[PDB]
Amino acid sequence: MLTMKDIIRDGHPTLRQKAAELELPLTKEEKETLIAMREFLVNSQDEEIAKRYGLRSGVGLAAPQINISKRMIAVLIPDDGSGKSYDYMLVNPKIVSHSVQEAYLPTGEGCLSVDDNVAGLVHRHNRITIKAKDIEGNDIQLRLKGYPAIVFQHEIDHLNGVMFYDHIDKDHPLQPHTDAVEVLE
């Protein structure tokens, strides 16, 4: 079981590296790692389990955040509920296309690897198309808009050594870009 002690902190070199592409099929260990990443998100979102293991609740986790420099992410976004929910373990995900239009969460973003809250808007693409493999090496293409688009971009950023606060304007952190869409969490 992964807990917070498996999550490496900002300043750790692995978070600034570019994660390595996976060979398919995954090793049994790689599959287990990816399953445990998802399980961490599940646990972090369970009130009782999170309290018991001191888990900070998350909707996304990238392998580099557990010091594994491999291009795997897990995303678990519960129903809001429009009836839409996102439960994905992705291998070698790639954004292949996206909207020009940007989106941002009005309170900025947070990160399991970052202890202090960082103020500032993180402008991302409002819509993205991702191609990836799943845990069994099968093909997935996702079309995402708004909040889930933001979450997946945050995760993929980790695979490229990019942290959310890299996107924050230093002079006017809370100024929206013109025509950017405010996304409600």
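Residue numbers here begin at 1 and follow the sequence given.
Of the two segments examined, 7-15 and 158-166, it is 7-15 that shows the higher average Cα temperature factor in the deposited entry. The stretch 23-31 shows the higher mean C-alpha B-factor when 123-131 is compared against 23-31 in the entry. Highest C-alpha temperature factor among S97, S82, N92, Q101, as the PDB entry reports it: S82.
When all modelled residues of the chain are sorted by CA temperature factor, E39 is found within the middle third. For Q141, the recorded CA B-factor ranks within the middle third of the chain. Only modelled residues enter the ranking. Remark: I49 belongs to the highest third of its chain, ranked by C-alpha B-factor as recorded. In the deposited entry, the Cα temperature factor of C111 places it in the middle third of its chain's modelled residues.
Per-chain ranking of the deposited C-alpha B factor places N117 in the highest third.
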